[PDB]
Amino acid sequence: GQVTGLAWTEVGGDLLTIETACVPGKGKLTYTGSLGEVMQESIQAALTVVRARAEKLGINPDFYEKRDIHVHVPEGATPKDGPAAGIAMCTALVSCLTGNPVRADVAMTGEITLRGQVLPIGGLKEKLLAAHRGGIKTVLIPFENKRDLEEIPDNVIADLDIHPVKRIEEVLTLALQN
């Protein structure tokens, strides 16, 4: 129920620790963390991808009738917005609802869609620089951000194991431990 994402904050692209809790409940979605509206919408999108694909994910199709879900992104006081945490949100929800832990030294950036495709984001360099400083080994980026890998310093590309992904299935396969 914890994933490292790369997304926009008040001070630039950054490592975010995305948290999701899925305690027994009645189907309420709470999300907090000084989130802007586009980031809030990415969470609804990510939840809908899970609900639509629940059977595929070994999750009870009616799980949202018996679960309350809280997505929180610290630091609580730092403003964050944008769609780039989309695949991280989805991954955290799948982890939480399945009990399948998330890989330690992995981070990810990318906008999610209901169809499960992963869309390119902006400020990739800033994002990959943030993951490099944090000692992140593996980074998932959208397939269409490959062109942007040119602007990145050679030493950072060399240190990072970067995976361009097209689809959410790819993301879950790489990020989850099982």
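In this text, residue numbers run from 1 along the sequence as written.
Undergrad: Should the higher mean CA B-factor in the entry be assigned to 69-77 or to 103-111?
TA: For C-alpha atoms only, the mean B-factor is higher in 103-111.
Undergrad: Can you let me know which of the two, 59-67 or 123-131, has the higher average C-alpha B-factor in the entry?
TA: Averaging CA B-factors over each stretch, the winner is 59-67.
Undergrad: Among the candidates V23, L15, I168, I18, give the one with the maximum CA B-factor reported in the record.
TA: That would be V23, according to the entry.
Undergrad: Out of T30, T138, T48, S34, whose C-alpha atom has the biggest B factor in the entry?
TA: Comparing C-alpha B-factors across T30, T138, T48, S34, the maximum falls on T138.
Undergrad: Divide the modelled residues of the chain into thirds by Cα B-factor and specify which third, lowest, middle or highest, holds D148.
TA: For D148, the deposited C-alpha B-factor lands in the highest third.
Undergrad: Is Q2 in the lowest, middle or highest third of its chain when residues are ranked by C-alpha B-factor?
TA: Answer is middle: the recorded C-alpha B-factor places it there.
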